[PDB]
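Encoded as structure tokens, the structure appears first; notes follow it.
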Amino acid sequence: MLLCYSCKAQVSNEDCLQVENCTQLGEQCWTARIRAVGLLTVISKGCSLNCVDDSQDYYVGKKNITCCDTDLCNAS
């Protein structure tokens, strides 16, 4: 089992400090960054098998998802 943070629809990093362990080994974690024309910025992360090393075909524009196979890789 891999350990990664878990903060959906969050804009405050100070609050994004909830580390949770995944279900089973093999699953990968990813971090999404949302930054609109304004200043507001959200942060999301997930954990599953379906995690493309690089999301270029989709998940782009405003929200970019970055895959990673490291413990607490979605810490930042």
- Message: Being touching an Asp or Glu at 6+ places or on another chain (Cβ under 8 Å) and not aliphatic (A, V, I, L, M) is true for just one of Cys16, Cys47, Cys68. Which residue is that?
- Response: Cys47
- Note on the structure: Of the residues in the range 49-76, those that are in a strand (DSSP E or B) and under 18 Å from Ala9 (Cβ atoms) come to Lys63, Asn64, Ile65, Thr66
- Message: If I filter the range 36-53 for residues that are farther than 14 Å from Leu3 by Cα, of a type in the set (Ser, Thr, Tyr), over 13 Å from the mean Cα position of the chain (by Cα) and surrounded by 10 or more Cβ atoms within 10 Å (Cβ to Cβ), do I get at least one hit?
- Response: yes
- Item | Those residues of the range 22-35 which are of a type outside the set (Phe, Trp, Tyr) and within 17 Å of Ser6 (Cβ to Cβ), in sequence order | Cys22, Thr23, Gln24, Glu27, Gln28, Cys29, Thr31, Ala32, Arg33, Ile34
- Given the conditions (1) assigned to a strand (DSSP E or B); (2) in contact (Cβ under 8 Å) with a residue 60 or more places away in the chain, report the number of the one that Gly46 does not fulfil. (2)
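A quick note on method: Cβ atoms are made from the backbone with ideal geometry, for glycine too, and the neighbour counts reach across all protein chains shown. Each value in this text was obtained by applying a stated rule to the coordinates, not by laboratory testing.
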